[PDB]
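Below are two forms of the same protein chain, given as structure tokens: structure 1, then structure 2.
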Structure 1
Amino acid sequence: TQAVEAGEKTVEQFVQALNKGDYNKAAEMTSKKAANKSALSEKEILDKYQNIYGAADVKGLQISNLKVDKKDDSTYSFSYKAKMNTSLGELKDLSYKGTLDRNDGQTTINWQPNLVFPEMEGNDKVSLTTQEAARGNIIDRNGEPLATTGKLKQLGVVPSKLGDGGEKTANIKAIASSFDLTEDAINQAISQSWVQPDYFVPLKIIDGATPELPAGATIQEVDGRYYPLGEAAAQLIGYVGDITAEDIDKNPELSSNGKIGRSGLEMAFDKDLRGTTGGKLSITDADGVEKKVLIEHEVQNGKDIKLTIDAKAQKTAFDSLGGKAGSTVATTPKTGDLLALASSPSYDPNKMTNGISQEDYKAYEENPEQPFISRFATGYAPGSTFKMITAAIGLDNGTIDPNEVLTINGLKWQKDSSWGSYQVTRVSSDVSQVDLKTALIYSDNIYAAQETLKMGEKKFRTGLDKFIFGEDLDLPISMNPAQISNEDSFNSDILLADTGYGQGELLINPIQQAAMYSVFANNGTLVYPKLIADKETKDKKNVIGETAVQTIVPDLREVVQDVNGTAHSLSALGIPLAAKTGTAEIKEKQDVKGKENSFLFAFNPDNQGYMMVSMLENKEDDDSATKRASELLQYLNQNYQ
């Protein structure tokens, strides 16, 4: 019993070395090679575990129900149950048996082939057959493909079928101008270290009709992931890349020959899309004939994922951004169906997944406008659009009377001289008697600032805490919860007023904005947005009063219909619109000289069919989200009542 304690420790140390992948330490715990002792030397045990466990990608060896007895002055037997993870799943309920050896002072293990796998005897071999699973598709709300696997034609050249130095240099220029490729880059491709004369060096993937093939140009059909919308949904969908050896070490169920989602929904739904590897893990005898099947199951393809996205709305929303920095979110506000999640500028997902040069990839990362950012999931200051919420809160707690006129003379105002040089600014001084309808049409920041200070921080945060601030939305998109300020108290009348017109320490991403503003399409009920089609419509009752909704929405119509409304350019559509524009100022967020973001909110006040929140980040002069909304508003109005 004094030595049985060391035997149970030796078996525990041996399993840990196998689990940790250090087969040399596990082999050094075995006795000398002899009959009725260890069956192989330390190096022979190392090369057998490295072969068998390495082939099946064994990871996470865990044991239980250990028992170590005695049988002689040196023969102590042990037994335990174990489970392990392989390329074909978990191998559980394994019965292991063996004997330890207590000689001299230390206790070792009489190694046997049955300690690799239970029923292995002598010179038995192990074989592994696998069949890769087909990756599932990502489809929109009407079944249109957003991410699928198809047969893409690949362009490539064979250096031997080119020329001889003089005739070769002519076809390189001929094959470069007929496919829009840099002639200096084609020579770069056939100059890689892996290239041989009679090899097919791939160049690009033709996404259309195949032109004329010069001397040495060949087209080979290959299978790969394809994104029909390309840039228009690259941030949302993402891309898949080659699976590396480090990916297999973290999850051996992955197919070494397959693709893995690197970003977007391809990565978020990688498990459901990649399926399960089929095949058989069996123990053969010395000749190679099967004698024991450890694991076997049929290949299961990946499940399709159906989104609430409208492909025609996703493409239109992205194209309307004209390559500028910004994003657009379109929802059906009564249910929360995310119709479009566009972010601009964007990258080419087909280029990323079908091989891309380190220059084009560095161009994406060195781009100042940062196309890799999912801007619909990035928090921004809401802008003057937030005045809708501030007004609704003031109407609910009785601070704001819709017909009461505040006297606002000039273009600047401050509470007292304690504000120093800071003054809430105004765009027009033509209306000195300002009511709620006037303040929403002209976007009067002074009105919102005075009513917020009159409301007070306590009453303002009471209505704000009824929204989704600090909540993690149940969406497969990585985002941080919205915030009112950095701390739980403004501790500043200036910050309280700035938050009043949506320009304080507020941080709300476009998706969360569409969630908050949905109260104006559901009589004060907040409807959470959903991206997966089969999910249930979750809402939140009594966020703002229905009395406030029936007061603000008529004024939001006037933001479009009134001749001095900030969204009057949208009245050309001739459709029922309720809108609220916004322009936020960001001063040296990193460091600059003054950048401003443009915002637009709009929805149908008659049928509540659609809702839209578009924005431009670091906008150019005379550019805005309202300028670019006619096309998307037209489509959403006709197709979503």
Structure 2
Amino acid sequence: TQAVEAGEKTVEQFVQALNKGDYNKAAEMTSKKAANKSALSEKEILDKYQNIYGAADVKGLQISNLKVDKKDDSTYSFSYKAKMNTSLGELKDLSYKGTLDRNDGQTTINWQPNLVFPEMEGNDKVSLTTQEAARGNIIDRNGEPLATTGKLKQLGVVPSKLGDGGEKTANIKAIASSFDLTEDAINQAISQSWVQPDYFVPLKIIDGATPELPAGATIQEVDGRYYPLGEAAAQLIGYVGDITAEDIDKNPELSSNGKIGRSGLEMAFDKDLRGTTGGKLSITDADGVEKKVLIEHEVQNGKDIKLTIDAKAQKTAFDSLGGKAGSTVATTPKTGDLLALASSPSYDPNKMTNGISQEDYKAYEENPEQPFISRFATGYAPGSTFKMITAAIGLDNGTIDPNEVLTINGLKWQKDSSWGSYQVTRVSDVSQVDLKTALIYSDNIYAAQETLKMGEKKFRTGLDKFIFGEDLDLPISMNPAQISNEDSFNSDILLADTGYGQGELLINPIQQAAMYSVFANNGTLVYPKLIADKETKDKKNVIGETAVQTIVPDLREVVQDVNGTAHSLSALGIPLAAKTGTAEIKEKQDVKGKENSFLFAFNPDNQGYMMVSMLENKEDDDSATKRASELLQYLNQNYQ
């Protein structure tokens, strides 16, 4: 037992060194090269594991059922079950066996090639052939492709067929102007270290019709990932990139030859989209004749993924933002289907997944408006649109009488002198303000006063019935919405500011569309849904049906009344309930004050669609309502 336990320790240290890829450390614990001892030297054992385990991308060698006994005077037999991960999947239930040598004061392993794979002997070889899986597609609610694998036209040049001096400069100028390329790029591309005179130097993926090809330019058809909506859905869909050696070390079941999702749904659904590699891992004898098949299965192409997105609504929602900073979310509020998740400004995913320069990529990262942000999944203060929620809560708990008229004088207001210089501000100096008037004119002072009357306890009781703190079941990285930093406001100012939607509230556009769905479901909250096949999930009695039937008619007046803040939408001539909003942010970079513009709108007749749009850090005289008519027409026509 004293020496048997030393043998158990040596075997366990051997598997550990193999598991960690430190093959030299494992080889240094083997007996001398001899018959009945080790079959190879330490360097040859190191090279044997490094070549074989490296070829199969072996990872996570784990053992079990270890048994160590005694065979001779200084010979101890050992055996164990083992499993490992390879580029063809998990190799399970392996029967390893060997002997130990306890000559001096230390115990070594009589290494044999059967400690690489169980049934290897002498100079057996290992073979691995693989077949790449084709990546599945991402499609919209009607089968339109959002992310697909298609054939791309690759424009490139051969430096030998380009010219010598003068005619070479002319062809480069002709190719640069015929395909919209800079002249310095074509010369820099053909002058890279890897280029040889006869090589095909790829320049640009051209889409559509191909112009005339000058001397040296050729078009080659190559397969690659393609995004038909382009930047219009770049943040949601994401992009794929080349797989690196570090990716394979983390997951050997990837294809070192293929693509991996780097962001968006391409990354969230990388496993389902990439499929599984086919092929065979086999042992052969000294000559290439096959002995034992360790792992074998055919290739399984990636499965498709069908979204709730409407490809036309997604493109319209993105285009309406005009490249400004903002986001738009469209839903069918009775089921939660996410028709559109637009974020602006955006990046070119086709350029990212093909060839993008360090300069163009840097321009994306240093852009102050940050096109890489998924703004539909970023927490914002909801803005004064949030009056609807505060009103609904105030109606439910009897604090708010819809017909009671507050008297408000001026554009500023504070509870008392303890607020110091701070005052709640409104835009319209309306003296007599009831609930309907406050919603039509977007009166923040009314909301702030009603919130203070209601009090924190009653206000939080109404807010807690929503989805604050909840993790939505969506394949989009996102933080749960919050009412404030802590469980208490500990401030009348913070309570009042929250009343019209801008204290420490953080609610992303998707979570806003979730909350605001109560007005299209008689007080039932319907959780948003992105995968088409998923089941509708709702939350009942979030606000009272009485509050809905009081507020929605007022929200119609926000559009229909001549002084409603969304009155420009009455030009559509469609049934609309809407609510605009604003939010002031501290900025610090300009320390002048940034203002966000919000729009909420849905069909109050059939509840067929709902929209939440926002402009982040709006330019002067710009608004979300000014940009919404086109999307509202489309949704009203196609979602009743």
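Residues that one form lacks are left out of the comparison. Definition used throughout: the rigid core is the maximal C-alpha set that superposes within 1.5 Å between two forms. Residue numbering: structure 1 sequence, from 1.
- No residue in 172, 158, 91, 431 other than 431 shows a CA shift of 2 angstroms or more between structures 1 and 2 after fitting the rigid core.
- Comparing the forms between structures 1 and 2, the C-alpha position of residue 590 differs by 2 angstroms or more, with the core used for superposition.
- Here the rigid core is superposed, and residue 358 then shows its C-alpha moved by 0.4 angstrom between structures 1 and 2.
- Residues present in both forms were compared between structures 1 and 2 after fitting on the core; consecutive runs of three or more with every C-alpha moved by 2 angstroms or more are 429-431, 588-592.
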